[PDB]
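As a starting point, one isolated chain is supplied in structure tokens, in the form deposited in one PDB entry.
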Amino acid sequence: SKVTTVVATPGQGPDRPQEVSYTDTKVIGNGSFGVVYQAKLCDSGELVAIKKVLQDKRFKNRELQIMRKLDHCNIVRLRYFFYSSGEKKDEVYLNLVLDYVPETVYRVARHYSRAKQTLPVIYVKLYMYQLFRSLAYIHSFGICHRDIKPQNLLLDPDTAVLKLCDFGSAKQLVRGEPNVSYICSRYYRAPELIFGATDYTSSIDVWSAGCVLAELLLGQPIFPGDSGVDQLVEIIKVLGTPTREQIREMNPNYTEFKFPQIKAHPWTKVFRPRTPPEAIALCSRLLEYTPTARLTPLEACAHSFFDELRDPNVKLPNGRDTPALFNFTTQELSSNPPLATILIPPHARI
């Protein structure tokens, strides 16, 4: 093959650009955002993913500035970054060198779906836990991902480690400042987002995680629909018609419309009878009309549904040990520090 060399800037470093060489360049992803390459470093021989996007250069890249602030085991790490050309000459391309992660949660869940099987609860516990852990991290910086979906949840089948990716729709939410409501991926949109609310918080990610948890248990998306109304009908068909104050919490502009009152469908009749009650309990406190009523990511990690993960004798179905789930930092626990009593087992701290 051929070896390419560029002067790339360390993402989490003190801004000291260095030489970086790589080979085995091939495309593993194409989209309207740009192109994603796979590559092997000439130095360590490690595989990386290269997200190549366009840049207006007149203004700073929001995705880059967020990634440079992130260092977490459950968020894909920014190795380096550099600028180059590509298709459509006379423009500057931004290259994000990221940790290469083989699979995604979606593709894995899709396997059991077409195999007519059910994703084992232990994986539902593992994947969801690491997700909230990632959510708890970025929320402490006031950074909202806004595009939480199974496709953006990368997996390493061997170590069973989850790494959140695609911060292209991410934004640091400032209190009392307007926000785009046409954000987020459908099926996983919060009800306030569908109502056009621009005063939404980071709890929209919690709603999305709730959709993911439900989809993993159900084998299919819980709120399908092309349009916003379509999705909202599906939500109402489960949670029931939202009350006036619940509507106020989401978007006050829809407070006085008198929608037909539909009875809520029991959570137990929603999932298969094989479903553990704890999973159902976690889901009900996740999918709430009122944003403030929804659990915080850090609070979700301490749910009883994840008690099996805090067992000393827990093991992966392939024999290997579970990933680091208890290495919480202080910034990570900034939301609610007394939760460490539950989140960190006695056999972990000692």
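One-based numbering along the sequence shown. Only residues modelled in both forms are compared. We call the rigid core whatever largest set of C-alpha positions still superposes within 1.5 Å between the two forms.
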Check: residue 252 without coordinates in a third or more of other entries = no
Please report whether at least a third of the other compared entries leave residue 86 without coordinates.
-> yes
Do the C-alpha atoms of 136-144 or of 274-282 have the higher average B factor in the entry?
-> 274-282
May I ask you to compare 206-214 and 182-190 by their mean CA B factor in the entry and name the higher one?
-> 182-190
Top Cα B factor in the deposited entry, candidates 294, 60, 51, 303 = 60
Among 318, 290, 30, 38, which residue carries the highest C-alpha B-factor recorded in the PDB entry?
-> 318
Would you please rank residue 266 by its C-alpha temperature factor against the other modelled residues of its chain and give the third it falls in: lowest, middle or highest?
-> middle
Name the third of the chain's ranked CA B-factors that contains residue 298, choosing lowest, middle or highest.
-> lowest
Comparing against every modelled residue in the chain, figure out the third that the C-alpha B-factor of residue 344 lands in (lowest, middle or highest).
-> highest
Check where residue 103 lands among this chain's C-alpha B-factors and tell me if it's the lowest, middle or highest third.
-> middle
Can you tell me which third, lowest, middle or highest, the CA B-factor of residue 84 falls into for its chain?
-> highest
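The protein also exists as the form deposited in another entry; that form is not presented, and the subsequent description refers to it.
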Which listed residue (259, 112, 82, 141) has a Cα shift of at least 2 Å between this form and the one not shown, rigid core superposed?
-> 259
Does the C-alpha of residue 31 move 2 Å or more between this form and the one not shown once the rigid core is lined up?
-> yes
Residue pair residue 258, residue 245 - Cα distance in that other deposited form, closer or farther (3 Å or more) = farther
Which segments, of 3 or more consecutive residues, undergo C-alpha shifts of no less than 2 angstroms between this form and the one not shown following superposition on the core?
-> 30-33, 86-88, 251-261
